[PDB]
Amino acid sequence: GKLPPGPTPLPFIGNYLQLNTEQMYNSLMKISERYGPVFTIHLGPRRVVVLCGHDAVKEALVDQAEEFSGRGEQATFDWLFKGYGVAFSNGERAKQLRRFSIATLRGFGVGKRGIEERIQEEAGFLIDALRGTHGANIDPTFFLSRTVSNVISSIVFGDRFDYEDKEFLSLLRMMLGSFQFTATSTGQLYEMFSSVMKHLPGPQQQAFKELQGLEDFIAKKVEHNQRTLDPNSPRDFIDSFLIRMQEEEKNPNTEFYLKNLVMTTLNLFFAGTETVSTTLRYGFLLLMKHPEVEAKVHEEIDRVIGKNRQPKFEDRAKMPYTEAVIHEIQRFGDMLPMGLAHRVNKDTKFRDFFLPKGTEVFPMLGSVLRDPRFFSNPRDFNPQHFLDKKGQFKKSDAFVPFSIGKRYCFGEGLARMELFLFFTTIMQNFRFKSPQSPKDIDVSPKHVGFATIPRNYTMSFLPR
């Protein structure tokens, strides 16, 4: 029993005095610099091992992939999921749900021509919607989120929602509110002190109501799908999972049952909406602070693609600049700064430390995206980070916004395709005008915590 070094905690409050709830990333970088790249923290009463920089994250999550593939505690969410659903499960449950969720999303077209066509189909509606604003200043938040969510929604529910469906707008707010809550100083405090904070009035109460709203909605859709299920012709992710529950009814230890379906579906609908939506939203702001970057992306679209032919995922090979920009938006944007919490599944020897079974591990993916050894200017927006001196696309080992190892984001293929298609389709059609000159636009985050949330803004879409 020999743990990574770390600051001496106080009872219950843990390392609270050294952890500034407003910028947790800075606090943890300060502690790493003091104690070393691998260190122990007390997040309220919870003992956690933290990993800082590429080497430390990669050594754990890759070199010891099997030991570090457990899912740790996440207080904003555990009260609801309770260890069910793909994203929140462990061991055997995680393997089954993951394997099926992957096979099933491939079956509806993910990673092939079919999802490409669904994204092109949905982008079309966004085009119509944005033209329909006639260059007025709009908050792009829900314009983007409607379109993004409709891709995953098609797959998981069988049909897109209408843009004017008021229940659809509601659900989107639920996702937006609860996602942002994990970025706030209150979200951070909650992670430390949930056993008290759950019973107190506060922004946490609204996050709970939204997460509950999302669950009740998925439950209601699953009930409807049961009542009308055709077991030889599945219309969606829900049907396929239902069909698989039928087939596993004889196995009293199956992971395939209603709770795991509701929770996994919740995971896909939520994960499939908010991250891509937020990445787009941050990217637009970044591109209006950098019109010379927007311009070069424009000339690349104009040259490889055209003013009208709709982007296909193949075009990216011939567009290293746009690809560098997109990746740079993901690296700069640092959507999930701690990823999702991990834990060791067995007693584990890591460097010269011993991590007993169940030890919680926070991979600092943000410390990797901003690791100075991999990025010439880690703290600037610089597409040159993903370009060689020939102007060709250059991959980086520190490019980890989807995490790495056994639990890596299996939405990765889908996200990359959406980001490329949606950036390129939108920018084909419109240039972005800010009601502010490039130099007064603040690209620093509104909230940084378990998510990175861009500042509110408005913008004009001006047609080409």
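C-alpha atoms forming the largest set that superposes within 1.5 Å between two forms make up the rigid core. The first residue of the shown sequence is 1; numbering continues from there.
| Stretch farther from the shown model on average in 4 other deposited structures of this protein, with CA RMS computed after core superposition (296-304, 107-115) | Of 296-304 and 107-115, the stretch deviating more in 4 other deposited structures of this protein is 107-115.
| said: For a rigid core alignment of each structure in 4 other deposited structures of this protein onto the shown form, which stretch has the higher root mean square Cα deviation: 198-206 or 275-283? | reply: Looking at 198-206 versus 275-283 in 4 other deposited structures of this protein, the farther one turns out to be 198-206.
| task | Mind pulling up the entry and telling me whether 228-236 or 213-221 has the higher mean Cα temperature factor? | result | Stretch with the higher mean C-alpha B-factor: 228-236.
| field | Stretch with the greater mean C-alpha B-factor as recorded in the entry, comparing 34-42 against 435-443 | value | Between 34-42 and 435-443, it is 435-443.
| Of the choices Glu191, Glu274, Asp78, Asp380, which one's C-alpha carries the largest B-factor in the record? | Highest C-alpha B-factor among the listed residues goes to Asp380.
| Looking at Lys198, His342, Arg331, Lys318, which has the highest CA B-factor as recorded? | Within the set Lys198, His342, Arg331, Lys318, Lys318 shows the top C-alpha B-factor.
| For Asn429, the third of its chain into which the C-alpha B factor falls | It falls in the middle third of the chain.
| query | By the record's CA B-factor, is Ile13 among the lowest, middle or highest third of residues in the chain? | reply | Its C-alpha B-factor belongs to the lowest third of this chain's values.
| request: Using the B-factors in the PDB entry, rank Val448's C-alpha atom against the chain and give the third, lowest, middle or highest. | output: For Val448, whose C-alpha B-factor we compare with every modelled residue in the chain, the answer is the middle third.
| According to the PDB entry, is the CA B factor of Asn26 in the bottom, middle or top third of its chain, that is, lowest, middle or highest? | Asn26: CA B-factor falls in the highest third of its chain.
| For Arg71, the third of its chain into which the C-alpha B factor falls | For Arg71, whose C-alpha B-factor we compare with every modelled residue in the chain, the answer is the lowest third.
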